[PDB]
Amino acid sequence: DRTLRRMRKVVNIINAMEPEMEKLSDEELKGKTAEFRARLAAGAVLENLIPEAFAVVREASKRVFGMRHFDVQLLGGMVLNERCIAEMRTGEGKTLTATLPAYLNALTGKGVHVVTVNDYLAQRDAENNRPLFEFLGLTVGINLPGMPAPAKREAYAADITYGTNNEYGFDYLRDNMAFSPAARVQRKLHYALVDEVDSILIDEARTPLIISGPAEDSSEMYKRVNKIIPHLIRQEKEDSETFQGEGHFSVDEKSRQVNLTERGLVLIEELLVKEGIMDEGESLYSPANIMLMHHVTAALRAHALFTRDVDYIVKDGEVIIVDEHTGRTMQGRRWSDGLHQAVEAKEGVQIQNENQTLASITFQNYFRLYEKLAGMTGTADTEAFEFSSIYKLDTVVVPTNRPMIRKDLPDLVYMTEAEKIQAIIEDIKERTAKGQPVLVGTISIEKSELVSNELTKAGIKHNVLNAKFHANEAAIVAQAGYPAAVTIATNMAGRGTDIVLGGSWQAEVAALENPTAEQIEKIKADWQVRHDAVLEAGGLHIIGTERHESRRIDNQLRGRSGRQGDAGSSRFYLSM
């Protein structure tokens, strides 16, 4: 690869500038953003400033985080500034790496969109990265579902923004429906730096974002027409040859249907016309005005055939149905032909127009809108062809910082699921006994629960991450490399949270309240022994309970082991 060779020369140069950066004060270092922007206003192009800008970020990260960008992270940063994907293995530091191109592009003053995969990660990377960006004179926004338009607009106004693919695309659709540009929230789609880019740009590429709403706004007919039914009096039978009534409508409890007598049609017609929904002399069976017939026949049914606390209930301002078994109440179900609306309208609660698609976009089309697009992932090379053909993104495999020595053992076949699950359990117990921790990836909650319950029978304490409380599960995952830890996770659970061998001592320190030097030195000295032992015991061991249809997904699982040169192993189990 010739591209890596050109970029190595810049890495060395950036390295050559470190001594001069170390002399700058925190204020001289902070002024760098303004010195760069003046250059840009006086003839510089962004690419000229790449060395200098990266060296400023690195040295800033030294002082703020205690983290000096590795050479390979400098390489990935340069990739990310071109229209490319940087494949950087799990735990190669993609979050810190992204600060290089995000700093560089934010100088342009047009904003930067960092995309992660879920809301917990967007806020985490923003807040983790925020001290480095504020140290350098930049602001950092966080776009989250449920934020009001002013707050979102402030987050898009910041130098750099974080958010999920869903909420960025939802903002754009909502922006396309604005009546003038003033209501919008986004600026121009300038730079989209997409974390976990195979999840986002490939797996969700074709899945569309949809905003549903009503255009058939026919509530005033429902509400107003409802006013007429209280005026109608009920009678026991239809006005037959043998029977006569003094009322406006009847009812078939047996056949569950409503019949209207001629005087009611008079009065309804009178009242329909009267309030201002009809005309004099109009036939209400008239093909001309037959919307009302459905309005009235639904309204009439709503009062006549359906009764509250019997067929439905009115909790939380939603008309809810009740199953004939009287057992339960559905929460998504509605009623056809305007029946629910009339029923809702009779109770007065929340008239529900029909909802339809009002705006739609695929992430494919969406992320193609940005002027600059880039992406990082631990697993991209296999998808290189659609990255190029769909987005014109080129992929670049980035050397790991240290040598990758994880041992991906051969798969194992068994005749039946029972046997596979007994063999995994036997292997868990074995590796626990030695102190080695084990992460068990599944591809479904169903398979997580089955495995969990076999681990329980076997007396094996373990944790189950189902990807429903990302922040909580993130806290469990960070300890999953504790000696003899046992964690179950579906492919979607706890991704993006480093699993440190021996546990994360960071977590331990926060647990204590105002610790002291030798208390913390206690944690640190204890953790090192844990880490040396776990590393000695083979590190983290991955068990795949089955292989995904897409091998890349299995590759993401095993990648959770073997970070930054650590020992580790993985193994997938198969059966019929």
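One rule holds for the numbers: they count along the sequence shown, beginning at 1.
Out of 26-34 and 39-47, which stretch has the higher average CA B-factor listed in the record?
-> The recorded data point to 26-34.
State which stretch shows the higher mean Cα B factor in the entry: 319-327 or 192-200.
-> Stretch with the higher mean C-alpha B-factor: 319-327.
Among the candidates 480, 266, 157, 359, give the one with the maximum CA B-factor reported in the record.
-> Comparing C-alpha B-factors across 480, 266, 157, 359, the maximum falls on 266.
Residue selected from 372, 89, 237, 462 by maximal Cα B factor = If I rank 372, 89, 237, 462 by C-alpha B-factor, first place goes to 237.
Taking the C-alpha B-factors as the PDB entry records them, is residue 520 in the lowest, middle or highest third of its chain?
-> Highest third of the chain for residue 520's C-alpha B-factor.
Third of the chain, ranked by Cα B-factor, where residue 120 sits = Its C-alpha B-factor belongs to the lowest third of this chain's values.
Compared with the other modelled residues in the chain, in which third is the CA B-factor of residue 95?
-> Lowest third.
With respect to C-alpha B-factor, does residue 571 fall in the lowest, middle or highest third of the chain as deposited?
-> Answer is lowest: the recorded C-alpha B-factor places it there.
Record-listed C-alpha B factor of residue 104: chain third = According to the entry, residue 104 has a C-alpha B-factor in the chain's lowest third.
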